[PDB]
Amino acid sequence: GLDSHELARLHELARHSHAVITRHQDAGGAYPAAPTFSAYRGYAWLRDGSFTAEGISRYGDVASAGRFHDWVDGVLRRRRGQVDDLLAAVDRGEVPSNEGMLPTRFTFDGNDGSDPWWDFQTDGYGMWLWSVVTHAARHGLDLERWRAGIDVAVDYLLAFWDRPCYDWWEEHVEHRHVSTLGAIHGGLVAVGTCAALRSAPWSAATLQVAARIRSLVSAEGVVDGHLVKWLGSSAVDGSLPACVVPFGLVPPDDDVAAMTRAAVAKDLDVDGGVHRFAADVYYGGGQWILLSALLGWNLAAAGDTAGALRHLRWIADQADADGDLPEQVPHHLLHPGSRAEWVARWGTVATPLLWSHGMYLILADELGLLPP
């Protein structure tokens, strides 16, 4: 496995991962995506924050993870009226526009950071349900602390799970993305199987809608035995392993899990560095730390420890002088011609990306390698 040279380097990157996340956590509890990247700074995403929170919870910083869940909960409780209004609009048969939906970017004080017409996404609400239930289970916490916020997210996802929206990468609003459906599934199954939430009025509805999501993925989201990027597509996306671990469309030992890991490795993994999708031109379509961590996590869960370690080593090799993990690296580019214009518009690649550090902590924990 690992010699004391490798173990010391991986332990130190875990410690630094914890420090980077907790140093940049907003005073109100939000995890920012990237404190220094021009286009992300000043905003929080539930997607980034939920995976970040899960790495922190595994690391054992109950206080930091708790303040994130407090922040999300309070932000969601403040949208109780908005969600109620959207649902009433549905009940009058007046399907609300993407422009009226709950936002993707949040300011640290819980306001819309962006206009959902341009970035409408439902995945982050599902990831938060997954994250908060997993945290409470891990540390024996009372979910009543966050329940009113959970109620808002559940009511919203039960109404809007089957709507087309932008993917994790803010593309293709007209499509229904299998890793978005997967994130919602993971959230709904988490709350629907949670004994502390057995008396919630939506308890049964969450498992019935999760079953609906799996029906839709079985009908339109599987080709040649593997998951696909969006319903009705043939291609894969680096996000798809999240549909196995942790969101649970299929278990790790399922043939569709195996074939999805194989298809992602073949189409998108170059030397351990995983690309988002074949057409990606963002910074030339580089190799994403969080996707190499996600594939590694899935390989560990399937009993492929070696394949998991190889992806972990690849990630650790992308750490800069200070131990910071970038969003992505250009060792292989899908569209090298596109990179300069991105560096010109937005500057050098987001570093650190807190989500890179969160995913590092999860994969290190899955391999039993966090400092003792």
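When you see a residue number, it is the position in the sequence shown, counting from 1.
- Mean CA temperature factor is higher for 274 to 282 when stretches 163 to 171 and 274 to 282 are set side by side in the entry.
- Between 327 to 335 and 342 to 350, the higher mean Cα B-factor belongs to 342 to 350.
- Within the group 220, 123, 253, 151, the record's highest C-alpha temperature factor is found at 253.
- Among 265, 291, 86, 213, the highest C-alpha B-factor in the deposited entry belongs to 265.
- Sorting the modelled residues of the chain by their CA temperature factor places residue 296 in the middle third.
- Per the PDB record, residue ranking by Cα B-factor puts residue 58 in the middle third of the chain.
- Ranked within its chain, residue 115 lands in the highest third, by CA B factor from the PDB record.
- For residue 94, the recorded CA B-factor ranks within the highest third of the chain. Only modelled residues enter the ranking.
- Remark: residue 306 belongs to the highest third of its chain, ranked by C-alpha B-factor as recorded.
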